[PDB]
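Dumped upload_0.cif below, it's mmCIF, C-alpha atoms:
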data_final
loop_
_atom_site.label_atom_id
_atom_site.label_comp_id
_atom_site.auth_asym_id
_atom_site.auth_seq_id
_atom_site.Cartn_x
_atom_site.Cartn_y
_atom_site.Cartn_z
CA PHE A 1 32.46 -10.80 -5.32
CA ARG A 2 31.02 -8.58 -8.05
CA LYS A 3 28.12 -6.39 -7.04
CA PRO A 4 25.50 -6.09 -9.79
CA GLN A 5 24.72 -2.44 -10.52
CA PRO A 6 21.49 -0.85 -11.65
CA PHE A 7 21.84 -0.09 -15.37
CA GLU A 8 20.24 1.93 -18.14
CA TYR A 9 20.17 1.91 -21.90
CA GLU A 10 19.19 5.07 -23.74
CA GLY A 11 16.42 4.90 -26.31
CA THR A 12 14.30 7.31 -28.34
CA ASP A 13 10.48 7.06 -28.16
CA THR A 14 9.83 4.16 -25.79
CA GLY A 15 11.42 3.09 -22.51
CA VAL A 16 10.96 -0.05 -20.42
CA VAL A 17 11.36 -0.56 -16.68
CA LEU A 18 12.40 -4.13 -15.71
CA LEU A 19 11.91 -5.14 -12.06
CA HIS A 20 13.93 -8.11 -10.83
CA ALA A 21 13.35 -11.25 -8.71
CA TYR A 22 13.46 -11.86 -4.97
CA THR A 23 17.09 -12.82 -4.19
CA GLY A 24 17.82 -11.71 -7.77
CA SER A 25 19.38 -8.55 -9.15
CA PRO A 26 19.66 -6.58 -12.38
CA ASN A 27 21.47 -9.67 -13.79
CA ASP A 28 18.04 -11.34 -14.01
CA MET A 29 17.28 -8.90 -16.83
CA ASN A 30 20.57 -8.76 -18.82
CA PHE A 31 19.32 -10.83 -21.77
CA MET A 32 15.89 -9.13 -21.88
CA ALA A 33 17.36 -5.65 -21.58
CA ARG A 34 19.76 -6.36 -24.45
CA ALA A 35 17.01 -7.84 -26.65
CA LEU A 36 14.99 -4.68 -26.06
CA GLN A 37 18.04 -2.56 -26.85
CA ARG A 38 18.54 -4.39 -30.19
CA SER A 39 14.94 -3.42 -31.08
CA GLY A 40 15.64 0.23 -30.16
CA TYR A 41 13.99 0.46 -26.75
CA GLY A 42 15.37 2.40 -23.78
CA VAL A 43 15.67 0.18 -20.70
CA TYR A 44 16.11 0.79 -16.95
CA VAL A 45 16.88 -1.99 -14.48
CA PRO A 46 17.07 -0.79 -10.86
CA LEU A 47 18.53 -2.70 -7.93
CA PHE A 48 16.22 -3.48 -5.01
CA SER A 49 17.45 -2.59 -1.53
CA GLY A 50 19.26 -5.40 0.25
CA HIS A 51 19.94 -7.29 -2.98
CA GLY A 52 23.18 -7.53 -4.94
CA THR A 53 25.52 -7.79 -1.94
CA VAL A 54 27.87 -10.42 -0.57
CA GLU A 55 25.63 -10.83 2.51
CA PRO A 56 22.32 -12.71 1.88
CA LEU A 57 20.96 -11.42 5.22
CA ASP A 58 20.97 -7.91 3.70
CA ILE A 59 17.90 -8.94 1.68
CA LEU A 60 16.12 -9.74 4.91
CA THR A 61 17.38 -6.84 7.07
CA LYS A 62 17.88 -3.93 4.62
CA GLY A 63 15.01 -4.45 2.16
CA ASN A 64 11.25 -4.75 2.47
CA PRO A 65 8.20 -4.45 0.21
CA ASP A 66 7.60 -0.81 1.12
CA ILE A 67 11.18 0.17 0.19
CA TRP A 68 11.01 -1.90 -3.00
CA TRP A 69 7.69 -0.27 -3.91
CA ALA A 70 9.21 3.21 -3.48
CA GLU A 71 12.17 2.09 -5.63
CA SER A 72 9.87 0.73 -8.35
CA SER A 73 7.80 3.92 -8.33
CA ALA A 74 10.95 6.04 -8.61
CA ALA A 75 12.14 3.92 -11.51
CA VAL A 76 8.85 4.43 -13.37
CA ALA A 77 9.02 8.23 -12.81
CA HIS A 78 12.63 8.31 -14.07
CA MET A 79 11.47 6.82 -17.36
CA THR A 80 8.14 8.63 -17.78
CA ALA A 81 10.12 11.91 -17.51
CA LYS A 82 12.12 10.95 -20.63
CA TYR A 83 10.13 8.75 -23.03
CA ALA A 84 6.88 9.26 -24.93
CA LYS A 85 5.80 5.74 -23.89
CA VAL A 86 6.84 3.60 -20.94
CA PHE A 87 6.20 -0.09 -20.21
CA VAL A 88 6.89 -1.79 -16.85
CA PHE A 89 7.49 -5.52 -16.33
CA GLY A 90 8.85 -7.73 -13.58
CA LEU A 91 9.51 -11.26 -12.34
CA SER A 92 7.48 -12.61 -9.36
CA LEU A 93 8.58 -9.93 -6.89
CA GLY A 94 9.15 -7.15 -9.45
CA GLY A 95 5.82 -8.13 -11.05
CA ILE A 96 3.88 -7.32 -7.87
CA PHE A 97 5.23 -3.78 -8.18
CA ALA A 98 4.66 -3.68 -11.97
CA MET A 99 1.00 -4.47 -11.39
CA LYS A 100 0.71 -1.93 -8.56
CA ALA A 101 2.28 0.61 -10.94
CA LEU A 102 -0.38 -0.10 -13.59
CA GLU A 103 -3.06 0.25 -10.88
CA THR A 104 -1.87 3.44 -9.16
CA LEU A 105 0.86 5.39 -11.01
CA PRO A 106 0.33 7.80 -13.90
CA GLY A 107 1.71 7.87 -17.43
CA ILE A 108 2.21 4.13 -18.05
CA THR A 109 1.20 2.69 -21.45
CA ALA A 110 1.20 -1.00 -20.53
CA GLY A 111 3.11 -3.61 -18.53
CA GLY A 112 2.88 -6.96 -16.82
CA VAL A 113 4.70 -9.93 -15.39
CA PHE A 114 7.14 -12.63 -16.36
CA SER A 115 5.99 -14.85 -13.46
CA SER A 116 3.10 -15.09 -11.00
CA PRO A 117 3.06 -12.96 -7.87
CA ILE A 118 4.24 -14.07 -4.45
CA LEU A 119 0.97 -14.83 -2.63
CA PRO A 120 0.27 -16.64 0.64
CA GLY A 121 0.49 -20.43 0.39
CA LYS A 122 1.46 -20.41 -3.31
CA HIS A 123 5.25 -20.47 -3.28
CA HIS A 124 8.27 -22.64 -2.61
CA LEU A 125 10.73 -19.77 -1.96
CA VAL A 126 12.24 -21.02 1.31
CA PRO A 127 14.35 -23.86 -0.09
CA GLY A 128 15.33 -21.53 -2.94
CA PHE A 129 16.46 -18.82 -0.52
CA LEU A 130 18.39 -21.28 1.64
CA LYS A 131 20.15 -22.69 -1.45
CA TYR A 132 20.89 -19.19 -2.78
CA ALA A 133 22.46 -18.20 0.55
CA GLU A 134 24.50 -21.41 0.66
CA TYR A 135 25.81 -20.95 -2.89
CA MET A 136 26.69 -17.32 -2.26
CA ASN A 137 28.33 -17.85 1.14
CA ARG A 138 30.31 -20.85 -0.11
CA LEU A 139 31.72 -18.80 -3.01
CA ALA A 140 32.58 -15.93 -0.62
CA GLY A 141 34.20 -18.16 2.03
CA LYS A 142 31.53 -17.07 4.50
CA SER A 143 30.04 -19.28 7.21
CA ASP A 144 26.57 -20.83 6.98
CA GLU A 145 23.66 -18.54 7.95
CA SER A 146 20.71 -20.93 7.85
CA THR A 147 19.79 -20.19 11.49
CA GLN A 148 19.52 -16.41 11.06
CA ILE A 149 17.78 -16.97 7.71
CA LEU A 150 15.01 -18.98 9.44
CA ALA A 151 14.64 -16.19 12.01
CA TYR A 152 13.91 -13.50 9.40
CA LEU A 153 12.73 -15.25 6.20
CA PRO A 154 9.21 -16.30 7.25
CA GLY A 155 8.50 -12.74 8.39
CA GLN A 156 9.71 -11.18 5.13
CA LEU A 157 7.77 -13.68 3.01
CA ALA A 158 4.72 -12.78 5.13
CA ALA A 159 5.37 -9.09 4.40
CA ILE A 160 5.60 -9.79 0.67
CA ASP A 161 2.46 -11.95 0.75
CA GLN A 162 0.60 -9.16 2.58
CA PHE A 163 1.69 -6.41 0.17
CA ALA A 164 0.81 -8.67 -2.74
CA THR A 165 -2.72 -9.40 -1.46
CA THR A 166 -3.45 -5.66 -1.50
CA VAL A 167 -2.17 -5.39 -5.06
CA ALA A 168 -4.36 -8.37 -6.00
CA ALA A 169 -7.45 -6.71 -4.47
CA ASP A 170 -6.83 -3.65 -6.69
CA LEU A 171 -6.41 -5.51 -10.02
CA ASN A 172 -9.82 -4.11 -11.05
CA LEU A 173 -8.07 -0.74 -11.29
CA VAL A 174 -5.89 -1.82 -14.23
CA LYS A 175 -7.05 -0.32 -17.53
CA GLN A 176 -3.84 -0.80 -19.53
CA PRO A 177 -2.96 -3.69 -21.79
CA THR A 178 -1.33 -6.34 -19.54
CA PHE A 179 1.25 -8.98 -20.42
CA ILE A 180 1.40 -12.27 -18.50
CA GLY A 181 4.20 -14.79 -18.94
CA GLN A 182 4.56 -17.89 -16.78
CA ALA A 183 7.00 -20.82 -16.70
CA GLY A 184 5.30 -24.23 -17.15
CA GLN A 185 7.73 -26.06 -14.81
CA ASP A 186 7.98 -23.34 -12.20
CA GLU A 187 9.72 -24.59 -9.07
CA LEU A 188 9.27 -21.38 -7.04
CA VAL A 189 5.65 -20.25 -7.54
CA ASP A 190 2.39 -22.00 -8.39
CA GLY A 191 1.95 -21.14 -12.07
CA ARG A 192 -1.80 -21.56 -11.75
CA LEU A 193 -1.72 -18.05 -10.23
CA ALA A 194 -1.13 -16.69 -13.73
CA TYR A 195 -4.68 -17.71 -14.70
CA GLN A 196 -6.09 -16.06 -11.60
CA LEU A 197 -4.21 -12.86 -12.47
CA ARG A 198 -5.58 -13.01 -16.03
CA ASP A 199 -9.12 -13.54 -14.74
CA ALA A 200 -8.95 -10.68 -12.17
CA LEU A 201 -7.97 -8.09 -14.82
CA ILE A 202 -11.61 -7.44 -15.67
CA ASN A 203 -11.02 -3.83 -16.82
CA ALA A 204 -7.71 -4.22 -18.70
CA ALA A 205 -7.88 -3.17 -22.37
CA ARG A 206 -6.39 -6.57 -23.23
CA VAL A 207 -4.52 -9.41 -21.55
CA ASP A 208 -1.70 -11.00 -23.56
CA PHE A 209 -1.10 -14.41 -21.97
CA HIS A 210 1.90 -16.70 -22.59
CA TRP A 211 2.80 -20.10 -21.12
CA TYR A 212 6.44 -21.27 -21.43
CA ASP A 213 5.88 -25.02 -21.50
CA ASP A 214 9.06 -26.71 -20.28
CA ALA A 215 10.81 -23.81 -18.60
CA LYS A 216 11.80 -23.35 -14.96
CA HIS A 217 10.99 -20.13 -13.12
CA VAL A 218 13.45 -17.53 -14.42
CA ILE A 219 12.26 -17.35 -18.00
CA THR A 220 14.30 -14.18 -18.66
CA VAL A 221 17.51 -16.25 -18.34
CA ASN A 222 16.68 -19.90 -19.19
CA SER A 223 15.85 -21.51 -22.55
CA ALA A 224 12.48 -19.73 -22.66
CA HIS A 225 14.14 -16.31 -22.92
CA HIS A 226 14.20 -15.92 -26.72
CA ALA A 227 10.49 -16.73 -26.95
CA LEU A 228 9.70 -14.40 -24.07
CA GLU A 229 11.65 -11.56 -25.68
CA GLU A 230 9.79 -12.04 -28.97
CA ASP A 231 6.43 -12.12 -27.15
CA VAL A 232 7.19 -8.99 -25.09
CA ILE A 233 8.38 -7.07 -28.13
CA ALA A 234 5.24 -8.12 -30.06
CA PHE A 235 3.14 -6.90 -27.11
CA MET A 236 4.81 -3.50 -27.13
CA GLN A 237 4.63 -3.19 -30.91
CA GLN A 238 0.85 -3.61 -30.74
CA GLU A 239 0.84 -0.08 -29.22
CA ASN A 240 2.17 1.44 -32.47
CA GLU A 241 -0.20 3.34 -34.75
#
Just give me the structure as structure tokens.
Amino acid sequence: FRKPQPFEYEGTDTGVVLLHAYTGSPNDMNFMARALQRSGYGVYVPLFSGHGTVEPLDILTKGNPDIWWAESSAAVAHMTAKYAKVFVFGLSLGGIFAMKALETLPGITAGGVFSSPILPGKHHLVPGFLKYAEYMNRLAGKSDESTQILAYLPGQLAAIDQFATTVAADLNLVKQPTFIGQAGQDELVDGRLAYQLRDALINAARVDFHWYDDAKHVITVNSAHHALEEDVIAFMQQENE
């Protein structure tokens, strides 16, 4: 099995932090990162604890929202040390931390999400996780882990939900321009949350909102990805003088 690695592309004036999906990895961001590189942006794609291993239970036993928040914060600092301007974006999980970064961390120009946050009652992540684990374990010749998954998964989703509700309660703190992208056929989260996120950002300088009509959840990888890349780049370019 090939472990995805965190990765970084050097730029000049502007750098971008890309925060991946739950059960995902830096691979979630390969296309986006490369599109940004072609337009001359620096890019940093960390790996969240517990992800990117041969053992799906590692997500549940070696990662948690507090660890992932520290990792996201460290990633932002890494980039704000180097670049005149830094943007931070993420998928559903990574996007919770992107928004908390805009709310609470210094030196960030703008940022946003490529899918709605993970909030209580508004996701279908359990079948996704079970199918992920089955695919991975099959490929690795490992035995089925559904029983242990059910023992830990509800508790971790609860932890994510909880962390996310606090981030949602602080959305009034966001002053930066915010980007919102959401798949229109999202099988993992209720895309209606994107509108609630938009509406809660009462103090944001602007909210740049994009709906990807026919696309499934992971719009950084599926047929929506060229459009998303163009939209994100346009969003960043609006910060030029």
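Residues in contact with residue A:77 at up to 9 Å, not including ones fewer than 5 positions away on its chain and judged by all atoms listed in the file, are residues 72, 82, 105, 106 and 107 of chain A.
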Selection dump of the PyMOL selection byres ((chain A and resi 85-100) around 7), as a VMD selection string
chain A and resid 13 to 22 69 72 79 to 80 83 to 84 101 to 104 108 to 118 164 167
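Counting all atoms listed in the file and comparing A:44, A:31, A:211, A:68, the residue that lies closest to residue A:225 is A:31.
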Starting from the shown file, work through the PyMOL selection byres ((chain A and resi 184-201) around 6) and note down what comes out as a compact mmCIF listing (two decimals) with C-alpha atoms, in the coordinates of the input.
# COMPACT_ATOMS: atom_id res chain seq x y z
CA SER A 116 3.10 -15.09 -11.00
CA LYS A 122 1.46 -20.41 -3.31
CA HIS A 123 5.25 -20.47 -3.28
CA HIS A 124 8.27 -22.64 -2.61
CA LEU A 125 10.73 -19.77 -1.96
CA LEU A 171 -6.41 -5.51 -10.02
CA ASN A 172 -9.82 -4.11 -11.05
CA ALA A 183 7.00 -20.82 -16.70
CA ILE A 202 -11.61 -7.44 -15.67
CA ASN A 203 -11.02 -3.83 -16.82
CA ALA A 204 -7.71 -4.22 -18.70
CA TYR A 212 6.44 -21.27 -21.43
CA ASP A 213 5.88 -25.02 -21.50
CA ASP A 214 9.06 -26.71 -20.28
CA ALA A 215 10.81 -23.81 -18.60
CA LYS A 216 11.80 -23.35 -14.96
CA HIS A 217 10.99 -20.13 -13.12
Matched chain/residue IDs from the PyMOL selection byres ((chain A and resi 59) around 12), as a ChimeraX atom specification
/A:21-25,47-58,60-65,67-68,129,132-133,149,152-153,156-157
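Atom pair atom CA of residue A:8 / atom CA of residue A:45: separated by 6.3 Å.
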